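Just one chain is shown here, as structure tokens, and it is the form deposited in one PDB entry.
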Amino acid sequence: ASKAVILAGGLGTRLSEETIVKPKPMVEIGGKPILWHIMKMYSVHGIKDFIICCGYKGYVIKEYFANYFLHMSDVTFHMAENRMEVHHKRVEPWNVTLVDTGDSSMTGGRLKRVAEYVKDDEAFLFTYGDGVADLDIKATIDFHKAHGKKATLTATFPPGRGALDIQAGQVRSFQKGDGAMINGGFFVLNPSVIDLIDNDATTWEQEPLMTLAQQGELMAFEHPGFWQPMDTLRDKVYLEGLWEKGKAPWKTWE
């Protein structure tokens, strides 16, 4: 397991403020697209080979990687001599495959698209281009191993927009408790699982996932820590804010 599949084909409707100009994962935190953070999460854990399921506004990502250095460092232009000098040429020990998974495909359909990429894989990683966390991807991987089932997902606690501490009908305090976790993406999967995807129209979180669960083939890796998606403006700002203040839990690297 060394490859990570990342969804980046959505419309970003709930974040049009930005998405009208680019694909929601191309949206930044700390001047860096969220996708990059996520990929930084992987790398930190050994995953340096990615596949990106592009769709709505893909060229944006294409261009991103196509001019990464620029995107990444200061620069000087010696125009008189038509010369470009990037101050910092930082290298990423990555491999990036950008795939047009279709304009109208769903999560399943898209994933199903990039099979060949991970077919012979012992296993591969799959997640959303909208969530960051201080997740221990490795750990997840070994867990998916330990258990041997086709799929592993990361269960997380959600962010709450009025969670309580109630004991004996008495509110003890204003703070999820126990059977209160959700699917935060970060899947560990079996190529074999693609068989579940019927077509482009497939919403991975429907049959595929449901069936797997029903199939006793669905495991949940519990993450108590930091996890946060970005679906709205407030989502951004918050993350933006965390980052400014040197408080980006998800920031597991140098």
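One rule holds for the numbers: they count along the sequence shown, beginning at 1. Definition used throughout: the rigid core is the maximal C-alpha set that superposes within 1.5 Å between two forms.
Although not depicted, the form deposited in another entry is the subject of the following passage.
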Position that moves between the shown form and the other one after core superposition, taken from 76, 73, 95, 104, with Cα shift of 2 Å or more: 76
Large Cα shift (2 Å or above) at residue 155 between the shown form and the other one, core-fitted: no
Large Cα move at residue 122 between the shown form and the other one, threshold 2 Å, rigid core: no
C-alpha of residue 85 off by 2 Å or more between the shown form and the other one on rigid core: yes
Direction of the Cα shift between residue 83 and residue 94 in the other form, where the change is 3 Å or more: closer
